[PDB]
Amino acid sequence: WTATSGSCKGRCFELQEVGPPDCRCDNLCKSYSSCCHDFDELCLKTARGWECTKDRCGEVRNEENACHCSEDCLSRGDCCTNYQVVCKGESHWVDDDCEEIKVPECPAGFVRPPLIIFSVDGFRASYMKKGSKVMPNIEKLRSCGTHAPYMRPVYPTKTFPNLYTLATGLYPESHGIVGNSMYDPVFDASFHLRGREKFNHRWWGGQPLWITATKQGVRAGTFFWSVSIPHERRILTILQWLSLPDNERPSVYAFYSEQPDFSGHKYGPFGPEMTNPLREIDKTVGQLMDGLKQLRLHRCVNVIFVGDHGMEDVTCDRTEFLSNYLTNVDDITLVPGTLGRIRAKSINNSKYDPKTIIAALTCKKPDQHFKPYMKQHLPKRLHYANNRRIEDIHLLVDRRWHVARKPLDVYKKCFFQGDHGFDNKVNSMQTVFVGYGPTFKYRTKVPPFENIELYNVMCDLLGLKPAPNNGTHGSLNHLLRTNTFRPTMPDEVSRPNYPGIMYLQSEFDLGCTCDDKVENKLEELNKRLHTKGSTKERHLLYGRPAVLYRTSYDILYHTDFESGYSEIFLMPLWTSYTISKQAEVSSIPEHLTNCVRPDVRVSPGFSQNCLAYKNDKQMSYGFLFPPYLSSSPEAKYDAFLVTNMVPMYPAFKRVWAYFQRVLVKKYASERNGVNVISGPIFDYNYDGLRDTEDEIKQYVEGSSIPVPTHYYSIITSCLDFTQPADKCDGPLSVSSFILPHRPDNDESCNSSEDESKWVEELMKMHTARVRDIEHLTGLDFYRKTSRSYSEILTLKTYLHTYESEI
Ligand SMILES: *[C@@H]1O[C@H](CO)[C@@H](O[C@@H]2O[C@H](CO)[C@@H](O[C@@H]3O[C@H](CO[C@H]4O[C@H](CO)[C@@H](O)[C@H](O[C@H]5O[C@H](CO)[C@@H](O)[C@H](O)[C@@H]5O[C@H]5O[C@H](CO)[C@@H](O)[C@H](O)[C@@H]5O)[C@@H]4O)[C@@H](O)[C@H](O[C@H]4O[C@H](CO)[C@@H](O)[C@H](O)[C@@H]4O[C@H]4O[C@H](CO)[C@@H](O)[C@H](O)[C@@H]4O)[C@@H]3O)[C@H](O)[C@H]2NC(C)=O)[C@H](O)[C@H]1NC(C)=O
Ligand SMILES: Cc1cc(OCc2nc(C#N)c(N3CCCC3)o2)c(C(C)(C)C)cc1C#N
Ligand SMILES: [Ca+2]
Ligand SMILES: [Ca+2]
Ligand SMILES: [Cl-]
Ligand code: NA
Ligand code: NA
Ligand SMILES: [Zn+2]
């Protein structure tokens, strides 16, 4: 119930929301059907439209009018945005040459530059170029301010997941808005785009910017705007707020546009009908900027222009139907569209089995336009798993396609030509970022970055301490003129041991054999030095990774590679090695095929054993430093040390061998040497965070050798590829992967073909930021470079997407 017999007289768009059942006047009252009777009358004035005209200049104040052209309007803060242009001979902000804003040029009383977040739905990245002719205001913001060629949204590339990620710096799996549509089994409740449940606070995790602000004594304008409050009124309200007395005036504001998303669904991302929506958004921008200029704030305020996601071409005829794969279609609930999520229709059905469903959706048709996945086998880069609201079964749908349950759903629910929600690395899902203001840089292009990083920066722009979030604070310092956040390297928690030769061959009973016993102070002094770390400057280019947790490990030095060996997990946490451009690939010799050698630096008790691999009929093994890339026949003996060995399914060995035998050399050619750090990852609880010992769900049979869930590699070279990796004087270039350690290759539909046809594709699908790998390992890389930490932070957040050009 709401008693709507109160009035909004003087209360229009009140910031402090009043509790039921007294009527509401805030920008959300329409959505809750709870406005005061006079809300339309007082708060949604429209009389005479949105622009001053020559005859309206210096008029008598008429309180009915939407905006004003009277002499007093500037004081009252309620002129039409074009008032000075029409009545005082001022130019539009867009027609003014842009000039560097070296410092905040704010009215007295302003304790800090305000921040206005101008957010646009479905604003695809390529619109900045392709629609630049029709977008003069926006195009002026872009080129005079700071801009990225695109901004990477989060998966799924929908609205609420993205807008709330912007507001929180969190992955949807952490903030809770994991889709446009959701069921929470604990609440036994549902979240939809329409209706009212979505307004319950319990869906919304983390701390959004407005709450971070308020808790820290910084006032906020409200962020959420009902669809029926026209754009012009939203702008006027923000301008009005900006004129409030110092003690009442908000410091952070948001504008929202339903366009271009709305039209792009109807007409597709490039439908000729798309020009108009883009014209109108630009007109809105021009109004804001004109409004700001009038108020002497256009060189004081920091403006962010940001989209939530892009838009792709998607029509009805391009749907896949689960009914063409599944017999049991009515025993399941599918969340449909540009992503699939599947659960049982009823929890009382004990015959339901995810295993058989996945299998029935796997590589069943030739050009199949989606791929099923247990959520924990989704590429780790999507961080889309650690939430009870995300169904165990997920379908990654091909760009340009839809998945529905049955054909009837598609014709009884072509209507649309555009849609979004696909994998976040997909070009058409990319969105925009422009920062313009005193705190942003002047005429600066920055590289593509992820929207999860904005929360931090908006906190910086406001002088706020950010709530704990998924951004890497400092990785976007290069966007900023001042207010940068200067982070320290995390302190190392565990210092390594440096074991010497402390065990005799005969103390090891691991069931390992190696045909190695074929025997000079020239090459005997040389090898000691190698085992003391003589070649370490070559293979450990950026210093050793720091272990950021309490554990017990050893640094092991070799001719061709260096490792941090875990006595707890009985394998390396990392193996580091440099492959120069000229380096040569050799084979594993016949007499060495099944050779495994005891490491006389590491005790039997802290070693793996060959017997456990013999007994484990499913588990085989691989090596972290590839024997194929040994520098000499004599050095190759080190590749076979038990302390270089890791557990590997024969299905995964196919992948690993091809990467180690073929791809590393290829990269070294193409990049002028590469440095490689490889290792295991354990994430059985799929929270994207390093597992403790007691979280491991699988061991090599009969042993305490834990089985990795994933295998990572970090591949570094010189950004200037004319300089070889080991003699790089400037910025670095990185690409990385986190491969799932799976006992089949069901994921790659072409795995029965040669590795050259499918492996590299899989790696690309599982591209990763170094930062992802840090989360998963508790390591901290790049501890000793000549580079600035902020640059190294940006590097660590870099993702190599393998998409073609924007
Ligand atoms: C991305 O960034 C985020 C932000 O940092 C990272 O997530 C954090 O990770 C922390 C480590 O997992 C985690 O810390 C835990 O907090 C528990 C208390 O949490 C409540 O309070 C916080 C603070 O305000 C709040 O943020 C939480 O909100 C979550 O939960 C509610 C649901 O109730 C949601 O509405 C909300 O969206 C959010 O959900 C998400 O996080 C939870 C984890 O809390 C997930 O489970 C959800 O699926 C969802 O994704 C909470 O309101 C605290 O209880 C934990 O302490 C336990 O574990 C430690 C281990 O150190 C142990 O010492 C303690 O004894 C305790 O264990 C006891 O309970 C256990 C289970 O109940 C049991 O096993 C034991 O036997 C004990 O009885 C823990 O400290 C922090 O909450 C989240 N924060 C957020 C916002 O998500 C995330 O890691 C980053 N991702 C990546 C890849 O880097
Ligand atoms: C800029 C910004 C805007 C914003 O909201 C703008 C907004 N209002 C409505 C309404 N009605 C709406 N819907 C999206 C699709 C249906 C309606 O979206 C939000 C939140 C509040 C969504 C979390 C966060 C940020 C951030 N950061
Ligand atoms: Ca949207
Ligand atoms: Ca984990
Ligand atoms: Cl969804
Ligand atoms: Na085996
Ligand atoms: Na396959
Ligand atoms: Zn949309």
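Residues: numbered from 1 along the sequence shown. Counting convention: from 1, in listed order, for ligands and their atoms alike. FYI, side chains are in, hydrogens and waters are out, and symmetry mates aren't considered; it's all heavy atoms of this structure.
Metal site remark for the Ca ion (ligand 4): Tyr684 contributes no N, O or S atom at a distance under 3.0 Å. For the Na ion (ligand 7), the N/O/S atoms of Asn745 include one lying under 3.0 Å. Distances from the Ca ion (ligand 4) show that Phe682 has no N/O/S atom below 3.0 Å. At a cut-off of 3.0 Å, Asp691 is counted among the residues with an N, O or S atom near the Ca ion (ligand 4).
The number of heavy-atom neighbours closer than 6.0 Å to CZ of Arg742, taken from other residues, nucleotides and ligands shown, is above 12.
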Run the side-chain hydrogen bond (donor to acceptor under 3.5 Å, both in side chains) test on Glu747 and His766 for me, step by step, so that the C-alpha distance in whole Å, both residues' side-chain angles and the decisive distance to 0.1 Å come before the verdict. CA-CA 12 Å; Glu747 196 184 342; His766 296 274; 2.8 Å; yes

For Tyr542 and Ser576: C-alpha separation, side-chain torsions, deciding distance, then whether side-chain hydrogen bond (donor to acceptor under 3.5 Å, both in side chains) applies. CA-CA 10 Å; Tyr542 322 105; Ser576 190; over 6 Å; no

side-chain hydrogen bond (donor to acceptor under 3.5 Å, both in side chains) between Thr767 and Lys425: does it pass, once the steps are laid out? CA-CA 10 Å; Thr767 190; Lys425 76 169 178 29; over 6 Å; no

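With the Ca ion (ligand 4) as the vertex, atom OD1 of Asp687 and atom OD1 of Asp683 span an angle of 80° (nearest 10 degrees). Centred on the Na ion (ligand 6), the O atom of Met619 and the O atom of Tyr613 lie at an angle of 100°, reported to 10°. Here the angle at the Na ion (ligand 7) defined by OG in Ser751 and O in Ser748 stands at 80°, rounded to 10 degrees.
With respect to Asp683, the side-chain hydrogen bond (donor to acceptor under 3.5 Å, both in side chains) criterion is satisfied by exactly one of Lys380, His710, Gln376: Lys380.
Taking the side chain as every heavy atom from C-beta outward, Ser620 and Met648 never approach each other to under 4.5 Å.
Within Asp616, the N, O or S atom at minimum distance from the Na ion (ligand 6) carries the name O.
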